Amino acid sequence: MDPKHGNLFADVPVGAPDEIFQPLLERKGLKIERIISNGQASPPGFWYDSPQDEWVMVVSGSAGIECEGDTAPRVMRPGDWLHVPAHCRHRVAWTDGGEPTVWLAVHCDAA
């Protein structure tokens, strides 16, 4: 009923040892969330693989992401986004080593 609001750069832990996820909106078949990285990368051997599509953007900091079948990871600065269709595998090659990397991620039906 009532509108909620926030700021994506507020209450961001600097130096947390592991990535943090916080949902912003949850509806049937839909999730919008903030991700806070502090220099972590996907562990060796690890690939994400989801039955939902993902749309993800770097809002602050920086990163590299590799999609399977690509020749190399892709540089992602603030404003760069990526659509990962369901079942397309991907990994985080790196995140910024000097500051938090804040992302906005949307998970939704492949439909």
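One-based numbering along the sequence shown.
Compare the mean C-alpha B-factor of 31-39 with that of 68-76 as given in the PDB entry, and name the stretch with the higher value.
Result of the comparison: 68-76.
According to the deposited model, is the average Cα temperature factor higher in 52-60 or in 82-90?
Averaged over C-alpha atoms, the B-factors run higher in 82-90.
Quick one: which of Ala10, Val102, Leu24, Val14 shows the highest Cα temperature factor in the PDB entry?
Going by the entry's C-alpha B-factors, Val14 comes out highest.
What third of its chain, lowest, middle or highest, does the C-alpha temperature factor of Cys108 fall into?
Middle third, going by the recorded CA B-factors of the chain.
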